[PDB]
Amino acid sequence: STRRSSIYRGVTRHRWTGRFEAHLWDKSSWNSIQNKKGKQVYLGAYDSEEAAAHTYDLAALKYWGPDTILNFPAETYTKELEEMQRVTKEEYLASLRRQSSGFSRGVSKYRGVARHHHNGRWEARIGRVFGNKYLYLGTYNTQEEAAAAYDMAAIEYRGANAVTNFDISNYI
């Protein structure tokens, strides 16, 4: 019936946002709500379709090695292939998500950071469906400080697989 939303593997143009989502099918992990093997992994949103394709390629390389099926040949990812080896799978996926277009929108380049009225300072906020709160994390003089606060709250309320503005290792 319908033509595929993207010419690339693992890329779906979202019907409402118009963003190119990268996603991945983990055929080895176990879906526990179902019985069967298989889990959908969301890699992020990208304003550029080619960027979502590259994101899929890199995540697939981290999951299945240099001859899994790729939108582009593994020779184009040689450098990334080495860097990939130095981190967890979760660390690498968090990094891929951190570079994505949808990670942070608006004025600040950091997620959870926006500006306190017109005071020239930066508020950090974080969302928590438990308690139905948009928690306030303070006002800071630099975006990096606000982003640090957002990060700390993020690791606290999301633990592992928490995507932070700055590297998870900064907070050990």
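A residue's number is simply how far along the shown sequence it sits, counting from 1.
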Review point. Per the entry, where is the mean C-alpha temperature factor higher: 131-139 or 112-120?
Key: 112-120
Exercise for review: Determine, for stretches 158-166 and 144-152, which one has the higher mean CA B-factor as deposited.
Suggested key: 158-166
Practice item. Select one of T55, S104, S48, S28: the residue whose C-alpha shows the highest B-factor in the crystal structure entry. Key: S28
Practice item. Ordered by C-alpha B-factor within the chain, which third holds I69? Give me lowest, middle or highest, please. Key: highest
Check your understanding: If you rank the chain by CA B-factor, which third does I126 end up in: lowest, middle or highest?
Key -> lowest
**Study point:** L43 - which third its CA temperature factor falls in, relative to the rest of the chain
**Key:** lowest
